[PDB]
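Participant: One structure follows; several queries about it will come next.
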Amino acid sequence: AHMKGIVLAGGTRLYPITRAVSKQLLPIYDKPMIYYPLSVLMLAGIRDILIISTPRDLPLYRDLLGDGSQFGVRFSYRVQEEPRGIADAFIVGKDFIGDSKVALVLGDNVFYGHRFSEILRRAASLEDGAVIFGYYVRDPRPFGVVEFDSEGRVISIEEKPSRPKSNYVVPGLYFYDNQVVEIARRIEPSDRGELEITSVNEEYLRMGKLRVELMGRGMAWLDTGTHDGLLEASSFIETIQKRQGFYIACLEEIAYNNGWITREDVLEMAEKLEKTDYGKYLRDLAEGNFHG
Amino acid sequence: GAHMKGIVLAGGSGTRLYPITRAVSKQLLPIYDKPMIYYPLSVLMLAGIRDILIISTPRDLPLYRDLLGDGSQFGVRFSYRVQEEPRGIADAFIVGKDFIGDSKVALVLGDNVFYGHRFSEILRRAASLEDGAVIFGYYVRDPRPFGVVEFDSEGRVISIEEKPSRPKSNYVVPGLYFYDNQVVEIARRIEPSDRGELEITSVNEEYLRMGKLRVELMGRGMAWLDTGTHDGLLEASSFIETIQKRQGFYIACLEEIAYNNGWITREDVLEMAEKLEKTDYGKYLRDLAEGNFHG
Amino acid sequence: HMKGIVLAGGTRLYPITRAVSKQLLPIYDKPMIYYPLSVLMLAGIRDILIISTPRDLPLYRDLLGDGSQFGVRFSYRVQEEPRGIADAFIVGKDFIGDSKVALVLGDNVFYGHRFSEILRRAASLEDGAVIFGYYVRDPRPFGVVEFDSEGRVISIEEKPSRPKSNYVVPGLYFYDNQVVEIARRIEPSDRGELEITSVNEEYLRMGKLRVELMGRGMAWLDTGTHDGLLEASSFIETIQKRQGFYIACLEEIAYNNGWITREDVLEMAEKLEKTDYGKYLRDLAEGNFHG
Amino acid sequence: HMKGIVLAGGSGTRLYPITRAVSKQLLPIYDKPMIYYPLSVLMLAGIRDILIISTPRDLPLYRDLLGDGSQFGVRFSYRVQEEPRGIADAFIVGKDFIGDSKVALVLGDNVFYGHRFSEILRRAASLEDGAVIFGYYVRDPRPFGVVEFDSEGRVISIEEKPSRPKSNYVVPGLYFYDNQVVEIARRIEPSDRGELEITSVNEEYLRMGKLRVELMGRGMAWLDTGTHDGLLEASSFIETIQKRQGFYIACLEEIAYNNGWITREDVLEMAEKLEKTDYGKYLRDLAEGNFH
Ligand SMILES: Cc1cn([C@H]2C[C@H](O)[C@@H](COP(=O)(O)OP(=O)(O)O)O2)c(=O)[nH]c1=O
Ligand SMILES: Cc1cn([C@H]2C[C@H](O)[C@@H](COP(=O)(O)OP(=O)(O)O)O2)c(=O)[nH]c1=O
Ligand SMILES: Cc1cn([C@H]2C[C@H](O)[C@@H](COP(=O)(O)OP(=O)(O)O)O2)c(=O)[nH]c1=O
Ligand SMILES: Cc1cn([C@H]2C[C@H](O)[C@@H](COP(=O)(O)OP(=O)(O)O)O2)c(=O)[nH]c1=O
Ligand SMILES: Cc1cn([C@H]2C[C@H](O)[C@@H](COP(=O)(O)OP(=O)(O)O)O2)c(=O)[nH]c1=O
Ligand SMILES: Cc1cn([C@H]2C[C@H](O)[C@@H](COP(=O)(O)OP(=O)(O)O)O2)c(=O)[nH]c1=O
Ligand SMILES: Cc1cn([C@H]2C[C@H](O)[C@@H](COP(=O)(O)OP(=O)(O)O)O2)c(=O)[nH]c1=O
Ligand SMILES: Cc1cn([C@H]2C[C@H](O)[C@@H](COP(=O)(O)OP(=O)(O)O)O2)c(=O)[nH]c1=O
Ligand SMILES: [Cl-]
Ligand SMILES: [Cl-]
Ligand SMILES: [Cl-]
Ligand SMILES: [Cl-]
Ligand SMILES: [Cl-]
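Chains as they are written, first to last, in PDB author numbering: chain C, -1 to 9, 12 to 292; chain A, -2 to 292; chain D, 0 to 9, 12 to 292; chain B, 0 to 291.
Quick look at the structure:
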């Protein structure tokens, strides 16, 4: 029952800031990077989530996230001894997934936009097959490009085409029915030796069971892979938080508004963080922010 | 009299931005790579409005005409009128009475910058009003610094309160308003406020008491940038820079909107790109004409 | 007394420059031209000529007026068309008279510790000229200056593929009265341009060209691209917040130079009450504790 | 030879949640870990024997980043500080490391930058006796410890957050001491909050007429790494300087190389390993001469 979630947070162009700090624990303004893809799983209604990372960093992810009870969710943890490809998430997470459907998001993917929740909730309601995303961009060549028909059925996915068949690119967010476990087990490793998520998606494509949800004009997919990208991403979140006033990926807020934790739960977390900005945000959340 | 017209109010400001507005009209200040006024202009164009009146001070009007010309480059018509005295936002309908004629009209403040996914559908809906007025409510966590709009679940407006200590909603009123033709006579009848201005809030309050004021909400994820402080302008520029670098499309490239609306031709776009060949903006136009693959 | 000239006339920034002069664009909280003007004032110069295009010159007049608000004097002269940087000495001949004169480009924004000391020294020249050398890792995109240990300039090349030094020449120059005649005599370029490089070469080949270095730690911002302007504004915002002092607040420079009175400052702050810039002026008159 | 200590341990929760799983001094400042900045200051002062103090949980991460120091021609030693017992505790934890040497102490979260800063550091590092602290010029000194001094640099008083400041110069976390500092630290009394305060140490030197201050005037920068907005602005500041002047701030390999502590080949080997990264390309350009 209930669709599960996996955040792939292991895995450098960011040297030396990633020499001793996991990329997905780097800050995006005022919160660790991983809070952002975690908020996406939570906004999609997922409460049973698996965190995957390296042997050095997984204990740190536990230090940050704990058992998930503070957010009314359950967090589990599994190590990925080596970065064997994105599809390896379904090998490492086989037991965790069980017979459930599952959403996979990359721990370094940061998205933001108006009317994003309705798209996530729809993707989370898939009955069978798989659902991937298509982010609209002016120059899609640096990415995996997803081509689809006028109804959302995917027809092709090409890696860095010099002649793109569409202007929609594939970010690291995927929703799957329970078939992905075995599909992942049977796919063939690349020549370089790695289980590619594209191979898993090509399989669903081949079966006419791959649909795409679009993140159109006005949606933002930030660049957390370069130093200028991270600075820009932090500046962007700071601006949005200041002008609209609400935090982006405050997991306590999402949990509370989803009814997964109580007002008293929020009050108590705020009390433990009294002299901090984050704590005052939680206190206001509990007080109601006027009309909410 | 046939099509809804538009007015961009781009006149006098206080000295809050002094000294950068001492010699540069606020609405000509840059927001990253384009003059501030391109942003609200893009909103009128996205709403389908092609007959637009630019109102500014006697000193600045010529500079706006230098920038915008007669509008033919964007497939629109620009008219210009001077606001001799800084009389208030509602004065736009007095200064613009002849331009408006018997048409419905949308007014946008020249310093208002909005952005968000699925904003066009909200604009086209507002532009389709049959009667009364349509204003906007921008969602914020702390609405106290603004005008606050209270409304029911169908968008009917109940009240508008300025800087309330006890806000009745978390939605604030920005500088974008759509009106039927009664707005001209309503503006002629409001009383100046205690601060000596013909307030747009007085116009909206008259539509409210007529039972004809509606509001369209701009929810979480939409951006209404701050162009009124130095820090706000800097943040606004950074926000535009990010969206443009990350998604690749420009925000408020008027040529782009005109072209995709069918208002100018591919040849028109190519010719503008040619006059600006060695510039970033020029290259964007060149790419637009080529199709940006499958843009 | 040494005079000063700010060249602010003159596409890459289209469309923000279509109806707004580049040098009036903001750098965080002040018009771009305030930054090079503050350099002339920190060097002690009180008689300044502003040069711009026919279209933009009135806007500079609107901003700066006669200069009395800063205890200086501003004069204005039009440049019908961008005929070259050295043309400032043609257009400015009458303004210059028989005085020594410093020329700064209206789009040049500099910032760094111990900058006033080198401005004052350059402004104290007895004869010849003084230009600057800005330390950079890749000097290829600029005019590259080579000098000896006495600060004597020996060479200047334009965008060399094999630079002879890591110091580049920004738009800031100090000259003795000889520059007018020199600018009158230099030979135009293939594009009918009166290059400032031709002028500097003349002093070079006389052994009368000295250089002041803007070393590691000094910043010369990029005001010529959209990303550069955004970065420049961010930089000024950070420094003003962290050290607390404004960069290129002309009233402050005037008041501390004794060119205007505390009352003058309070008057300006009065007119700008409720504003950030106004409160800064109020504090300046109140003393900022020890100043 | 004068030794150095970087105190990079426990912090408060002000930056929560970005410091929950990442030590504050490993957080990025644009393209390098925060600790590189104060480390660069010790190296520009000519110090090659450096002690890194941190919490038991984070010390291994600092060692992952820094190693034994040989890559920079320096020697890094590591000592634990179970809890932030006070800044002056650095001399108790580091007593054996210090031995009979003079020593410089810098806080791992202090980031300074400015034209002609090296000459100031070299002067402080050359003290014959007593102590040398710093005074950073600000328009409003009230939020800090304020240092009052005379024209030859003698310190008259240091007051914490005075409503009526005796100067516009504030005290940052950078201090140079003769060998008497260990005994002085041993004799100070714990403060009201149960901490061994560095201000107590400086006051002892002050009262003996043996405390001097070096000023960091207008044009010098002391960045704010204590708030989210401060970190964002600090990153933007480094990005600006690096893009506009071309040289990096706190590239330790560069400082080591120019000090003659490592060879051109050492730099080139590190650059080749990082050739696909911007940091690696900077090292290559430095060692291929950067023209001059
Ligand atoms: C390939 C791979 C990636 N990852 C993580 C690192 C990133 O958060 C994300 C995708 O990484 P990757 O595909 O290497 O590229 P990028 O860093 O540009 O996103 O998944 C793992 O945890 N394990 C793996 O085996
Ligand atoms: C509700 C909510 C949204 N968000 C993000 C998700 C989107 O990127 C953006 C907009 O939220 P979204 O839920 O899409 O709201 P709406 O349907 O009204 O537009 O904000 C948070 O980070 N936290 C929250 O608590
Ligand atoms: C009051 C008023 C405003 N305006 C313009 C200036 C701005 O573009 C816009 C709104 O100005 P204003 O109401 O002063 O507020 P704000 O500066 O916070 O936006 O309307 C005029 O052109 N004329 C007027 O008489
Ligand atoms: C189409 C288009 C939109 N925009 C702005 C308007 C909105 O703020 C945002 C999103 O566009 P919008 O038209 O709402 O499109 P969609 O329904 O696909 O999201 O981009 C431009 O600036 N230029 C354009 O050419
Ligand atoms: C060449 C030239 C420059 N200028 C001004 C414009 C700039 O502020 C400065 C330098 O111009 P220029 O070097 O042409 O461009 P940039 O600095 O943008 O790379 O001098 C004039 O006013 N007239 C001229 O004829
Ligand atoms: C004194 C002063 C300096 N500055 C600038 C000039 C330099 O770029 C920087 C540092 O000032 P500077 O006078 O060089 O200080 P110091 O001699 O103490 O090192 O600040 C202003 O903008 N305004 C001022 O009032
Ligand atoms: C007091 C104290 C600080 N520190 C470190 C943490 C910071 O890098 C630095 C200064 O800490 P602190 O004085 O708490 O203030 P701040 O964090 O606002 O700068 O010293 C320790 O490692 N141990 C200690 O006992
Ligand atoms: C030489 C050098 C300086 N710096 C810093 C120290 C100062 O904050 C600033 C300027 O350097 P500094 O050595 O003070 O040089 P100068 O005396 O020529 O001004 O740059 C580095 O980060 N790395 C280096 O390799
Ligand atoms: Cl894929
Ligand atoms: Cl209420
Ligand atoms: Cl209103
Ligand atoms: Cl030259
Ligand atoms: Cl102290």
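Note that CB positions come from ideal geometry on N, CA and C, so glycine has one too.
(1) Should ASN289 (chain B) be flagged as near chain D, meaning a C-beta pair shorter than 8 Å?
(2) What do you reckon, are the CB atoms on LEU6 (chain D) and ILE86 (chain D) nearer than 8 Å?
(3) Touching or not, the region 134 to 154 of chain A and the region 206 to 226 of chain A, by the rule of three or more beta carbon pairs under 8 Å?
(4) Could you tell me which of A:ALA123, A:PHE290 and A:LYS275 sits nearest to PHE246 (chain A), measuring between CA atoms?
(5) Which residue wins for smallest C-alpha separation from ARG153 (chain D), given the options D:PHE143, D:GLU159, D:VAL131 and D:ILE49?
(6) Leaving out five residues before and five after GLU147 (chain A) in sequence, what residues of the same chain have Cβ atoms less than 6 Å from its Cβ?
(7) Determine whether the beta carbon atoms of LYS242 (chain C) and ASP108 (chain C) lie at a separation below 8 Å.
(8) Look up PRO32 (chain C) in the DSSP assignment and give the residues it is bridged to.
(9) Closest to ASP191 (chain A) by CA distance: which of A:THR54, A:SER199 and A:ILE4 is it?
(10) Can you tell me where the beta strand (DSSP E) with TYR176 (chain A) in it begins and where it stops?
(11) Using DSSP with H/G/I as helix, E/B as strand and the rest coil, what is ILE261 (chain D)?
(12) For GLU238 (chain D), decide whether its Cβ has a neighbour in chain A, counting only Cβ atoms nearer than 8 Å.
(13) For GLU232 (chain A), count the other beta carbons within 10 Å of its own beta carbon; 16 or more makes it buried, fewer makes it exposed. Which is it?
(14) As a quick exercise: from D:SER235, D:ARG283 and D:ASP57, pick the residue whose alpha carbon is nearest that of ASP228 (chain B).
(15) Once you ignore the five residues that flank residue 310 (chain D) on each side, which residues in its own chain have a CB closer than 6 Å to its CB?
(16) I'd like to know whether the C-beta atoms of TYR36 (chain D) and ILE51 (chain D) end up nearer to each other than 8 Å.
(17) Could you round the C-beta distance between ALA184 (chain D) and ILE46 (chain D) to whole angstroms and report it? I think they count as a contact, below 8 Å.
(18) Under DSSP, the beta strand (DSSP E) around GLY3 (chain D) begins and ends at which residues?
(19) Please state whether the Cβ-Cβ distance between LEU41 (chain B) and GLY68 (chain B) is less than 8 Å.
(20) Return the CA-CA distance between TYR256 (chain D) and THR262 (chain D), expressed in angstroms with no decimal places.
(21) Since I believe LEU43 (chain C) is in contact with residue 10 (chain C) (beta carbons under 8 Å), could you give me their beta-carbon distance rounded to a whole number of angstroms?
(22) Is there at least one Cβ from chain A nearer than 8 Å to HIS227 (chain D)'s Cβ?
(23) Could you work out which residue in C:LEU65, C:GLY193, C:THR224 and C:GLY8 is closest to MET33 (chain C) when comparing CA atoms only?
(24) Helix, strand or coil: which one does DSSP assign to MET219 (chain C)?
(25) Tell me the residue span of the beta strand (DSSP E) that contains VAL105 (chain D).
(26) Check each residue's C-beta against every heavy atom of ligand 12 and list, in chain order, those closer than 7 Å.
(27) DSSP three-state label for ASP139 (chain C), please.
(28) Tell me the DSSP secondary structure of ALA130 (chain C) in three-state form.
(29) Could you spell out where the beta strand (DSSP E) holding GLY144 (chain C) opens and where it closes?
(30) For my contact list, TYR176 (chain C) and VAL102 (chain C) are in at a C-beta cut-off of 8 Å; report their separation, rounded to the angstrom.
(31) Below 8 Å on the Cβ atoms is my guess for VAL145 (chain C) versus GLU158 (chain C); work out the distance and round it to an integer in Å.
(32) Does the beta carbon of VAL21 (chain C) come closer than 8 Å to any beta carbon on chain B?
(33) Measure the beta-carbon distance from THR54 (chain D) to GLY93 (chain D) and round it to whole angstroms, keeping in mind my assumption that it falls under 8 Å.
(34) Using a Cβ cut-off of 9 Å, pull out every chain D residue sitting near residue 294 (chain A), in sequence order please.
(35) Quick one: grab the DSSP three-state call for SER156 (chain A).
(36) Which residue wins for smallest C-alpha separation from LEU106 (chain D), given the options D:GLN179, D:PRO171, D:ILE28 and D:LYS31?
Facilitator: In short:
(1) yes
(2) yes
(3) yes
(4) A:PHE290
(5) D:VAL131
(6) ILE155, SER156, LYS165 and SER166
(7) no
(8) C:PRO27
(9) A:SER199
(10) 173 to 176
(11) coil
(12) yes
(13) buried
(14) D:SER235
(15) This structure gives no information on residue 310 (chain D), because the portion of chain D shown stretches from 0 to 292.
(16) no
(17) Contact flag wrong, Cβ pair sits at about 19 Å.
(18) 2 to 6
(19) no
(20) 6 Å
(21) A break in chain C separates 9 from 12, and the residue in question, residue 10 (chain C), sits inside that break with no coordinates.
(22) yes
(23) C:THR224
(24) coil
(25) 102 to 106
(26) D:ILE132, D:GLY144, D:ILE157, D:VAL170, D:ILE197, D:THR198 and D:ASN201
(27) coil
(28) strand
(29) 144 to 148
(30) 6 Å
(31) 5 Å
(32) yes
(33) With 8 Å as the limit, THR54 (chain D) and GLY93 (chain D) do not qualify as a contact, their Cβ atoms being about 15 Å apart.
(34) Since the first residue of chain A shown is -2 and the last is 292, residue 294 (chain A) is not available in this structure.
(35) strand
(36) D:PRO171
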